[PDB]
Amino acid sequence: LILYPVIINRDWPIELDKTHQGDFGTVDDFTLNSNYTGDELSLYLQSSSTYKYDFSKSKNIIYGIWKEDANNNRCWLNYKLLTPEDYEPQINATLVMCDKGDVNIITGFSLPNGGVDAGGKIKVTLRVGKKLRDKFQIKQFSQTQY
Amino acid sequence: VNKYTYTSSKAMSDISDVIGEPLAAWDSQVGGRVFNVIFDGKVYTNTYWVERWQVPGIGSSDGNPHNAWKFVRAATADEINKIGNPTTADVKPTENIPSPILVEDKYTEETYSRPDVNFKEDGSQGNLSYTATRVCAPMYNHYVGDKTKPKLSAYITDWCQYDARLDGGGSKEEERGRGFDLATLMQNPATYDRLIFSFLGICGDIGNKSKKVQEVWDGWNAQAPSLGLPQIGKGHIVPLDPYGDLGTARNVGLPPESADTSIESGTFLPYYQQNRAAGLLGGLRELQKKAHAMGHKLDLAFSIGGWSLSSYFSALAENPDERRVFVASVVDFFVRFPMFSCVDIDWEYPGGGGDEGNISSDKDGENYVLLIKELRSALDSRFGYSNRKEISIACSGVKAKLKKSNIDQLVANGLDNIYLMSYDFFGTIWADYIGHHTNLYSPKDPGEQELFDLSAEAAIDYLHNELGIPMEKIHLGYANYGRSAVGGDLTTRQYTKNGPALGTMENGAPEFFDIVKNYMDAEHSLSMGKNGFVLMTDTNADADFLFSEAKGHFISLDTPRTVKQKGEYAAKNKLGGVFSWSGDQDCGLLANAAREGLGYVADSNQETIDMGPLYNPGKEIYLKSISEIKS
């Protein structure tokens, strides 16, 4: 066979490692609507852990989604400081970067400080800049190529 | 147009001017040809189309739903010999099936098999069916331009959307949901003259669903700065689910191309315009394109308010500027979708009623009048007369609250049309007795027709006579579901209150198409009760219904024959217009019948399916009115 230029699959970015490290449950607490629109990323997620917490401490727990590279920064604002009754909170974000890096995004529950991070946590590397096949090929019939 | 011919002959010497016709006994005559058939020694001509259940005997001055199957008794005994005179008969369902009717659904059978549903034809093992509309056939004949007759319309709603049985589903009612592709009507468009999408809403609404209002208001308010557009408060109108309306491809007659169904409340907003409109609403726009490709443009329309979202009507009352901003959003929507022929409002309670969440005061009706006038004013200020919009509202028939509606001033304030809710009069779960939830006609003894025996004709006469409103400004229709009631006794109309009642998805509200599947039939060219379920009709109110003894379960319902009755009455009136509520779940047979009731005529000799045999009456009975029984 022979092929084509490298081409962006202009749709939902694809899978990469989740790095689940939640306190009160497995990765299966999480749900994630990975998608895209108009050359920019869009995604929506939820972590089903809030109801478990002793909000005496876990009140206003940071709930959300935020990109973290080796800097592991918090330049984001989608943090839902959950109420003691935010039993199923939805977190929702979009991003706009030229670098089509398969960027890791820590999401879920965390307190602003202290080891307490009541509920699910994940550091989901996304994957982006995906492509697709186009399967076209020579074939041999007897000695005679076709 | 359709066309038919016959011929007759005589000796070369004899020329009758009249259509001579062979003298013969009556027997299952039908069609348009002359018949002088003989019966009981009398001789009978149906000077109108003939039907296999029509009988000349009763027909002597009857025999058709409108007039005399006239007769003479010229026949002598030896005529009554050379022809064996008939004296009684009964038409049966034929043995063959002249036309297919519907197709099974794998998933609906699976549904019945589901250990929670356990549905059965008798409903013994399962009171609900959640049957997929996909079972249905297209079922639409075709018809002439017939321009003079009043307009025809149909209601349409979001419940067209989903049935996860298409996706397996299997655990929850919506996984066993309902929905259909508008492609159906697209196959033969111009099926109606107007359409009405279900009542949408506004920011600030109060009812149960208001979390949706919250969510969408959030999405809007988030988008607005990014769009560089002003934020919105309460009273601003809501699309409810743009993802459904546009982020769709299945059920909307359009290829999945460009169906970015991922888009939603937080993102649709750029797309919130007809040009950009994907999905359902766009599909409608193209449907109108096809329609115009024919001609006879549909009045595409929708409304807002209604049964379950009216709550904020009182709240918005007497907040004039917010009402202004709201109607501003209305006209903005018009600008965003100039496709629309008009759109309207579904206020439901000038005096409080329906769901209690619709908080209300007395002044509500007056304030409603005032704001209505103001709306009209705003609309006129917006619109060019060459493209003007003219507004309508429904009415509830609540003998008093309808008065409280001040229709007089609404008319005086340019509200052009009224649509009478003609259904569910029988609040079956709570109503005192079984009755016809949709009776147009007054039964005998009108002494108790106040919360019962609610013949719409009474209100009709109020507006015509007691309010002088021209029929033009009022419209009526029918709905495609009956009522179902437990334990009813046909003699007393008493019935098992509270006891759960039949519905595929909605208990107490049997669903027409599935009734065709389960309980009634026509495959043998007849109106045919089936599976042991009683076909029946009452003489008192021209009522039509169904029954089942093992659970004393009753169903009050419109029928081809009964909607025929309806349309014929409306037509003889020359009402402003005709329509059907809940149009989403009839194959279209009731629409063909509705054309017939409108006198709307078919345009070809061919058919999608027959309709005549659907007008035989059911098991005859006389049912006493509630007053009569109590008296």
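Residues numbered from 1 in each chain as written, not as in the entry; some residues may be left out. Chains lettered and ligands numbered in written order. Part of a larger assembly, values for the part shown. Heavy atoms only, no water. Residues with missing side-chain atoms left out of burial classes, pairs and counts.

**Notes on the overall build of chain A**
For step 1, the next point in the chain: The number of helices and strands found in chain A is one helix and nine strands.
For step 2, the next point in the chain: N-terminal to C-terminal, the α/β element order of chain A is β-β-α-β-β-β-β-β-β-β.
For step 3, the next point in the chain: Expected size for 146 residues packed as a compact globule is a radius of gyration near 15 Å; at 21 Å, chain A overshoots this value by more than 25%.
For step 4, the next point in the chain: Here the C-alpha coordinates of chain A stretch approximately 80 × 30 × 25 Å along the principal axes.
For step 5, the next point in the chain: Taking all contacts inside chain A whose residues are at least 6 apart in sequence as the whole, residues at least 24 apart take part in 56%. (Helix = DSSP H or I, 4+ residues; strand = E, 2+ residues; numbered from the N terminus. Rg over C-alpha atoms; globule rule 2.2 N^0.38 Å. Contact = heavy atoms within 4.5 Å.)

**Here we look at the UniProt feature "domain: GH18" in chain B**
For step 1, the next point in the chain: As recorded in UniProt, the feature "domain: GH18" lies at residues 150-601 of chain B.
For step 2, the next point in the chain: Secondary structure content for residues 150-601 of chain B is 30% helix and 16% strand, while the C-alpha to C-alpha distance between its ends is 13 Å. (UniProt positions renumbered as here; feature names shortened; annotations may be inferred.)

**Examining the UniProt feature "binding site: chitin" in chain B**
Residue and element names in this part refer to chain B.
For step 1, the next point in the chain: The UniProt feature table records "binding site: chitin" at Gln 274, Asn 275, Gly 305, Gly 306, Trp 307, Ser 308, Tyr 349, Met 421, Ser 422, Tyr 423, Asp 424 and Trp 581. Their sequence span is 308 residues, while the largest C-alpha to C-alpha distance among them is 38.5 Å; these annotated residues do not converge on one region.
For step 2, the next point in the chain: By the secondary structure assignment, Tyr 349 is in the loop between strand 8 (342-346) and helix 11 (364-382).

**Some remarks on the sheet that holds strand 2 (residues 40-47) of chain A**
Across a sheet, strands are paired by hydrogen bonds formed along the backbone, either parallel or antiparallel in direction.
All names here are of chain A.
For step 1, the next point in the chain: Spatially, 1-2-5 is the arrangement adopted by the three strands of the open sheet, whose pairing is antiparallel. Because the sheet does not close on itself, it has two edges, and the strands there are strand 1 (30-37) and strand 5 (90-95). Ignoring strand direction, the axes of neighbouring strands in this sheet form an average angle of 15°.
For step 2, the next point in the chain: Sheet analysis places strand 1 next to strand 2, joined by eight bridges and oriented antiparallel. Following the sheet pairing, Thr 37 is matched in strand 2 by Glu 40. (Pairing = 2+ DSSP bridges. Axes fitted to C-alpha atoms, helices over the stretch in contact; angles between N-to-C directions.)

**So, unusual backbone geometry**
All names here are of chain B.
For step 1, the next point in the chain: In this structure, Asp 146 takes a positive phi of about 50° despite not being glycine.
For step 2, the next point in the chain: Inspection of the secondary structure puts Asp 146 in the loop between helix 3 (106-113) and strand 4 (151-156).
For step 3, the next point in the chain: Look at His 296: it is not a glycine, yet its phi comes out positive at around 35°.
For step 4, the next point in the chain: Its place among the elements puts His 296 in the loop between helix 7 (279-294) and strand 7 (299-305).

**Thoughts on the sheet that holds strand 6 (residues 104-110) of chain A**
All names here are of chain A.
For step 1, the next point in the chain: An order of 4-3-6-7 is seen for the four strands of this open sheet, with the pairing classed as antiparallel. Sheet topology places strand 4 (80-82) and strand 7 (121-125) at the edges, where each strand pairs with a single neighbour. Strand-to-strand twist in this sheet, taken as the mean axis angle between neighbours without regard to direction, amounts to 15°.
For step 2, the next point in the chain: Taken together, the three bridges between strand 3 (residues 61-67) and strand 4 define a ladder with antiparallel strand orientation. Pairing of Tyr 63 across the sheet is with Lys 80, part of strand 4.

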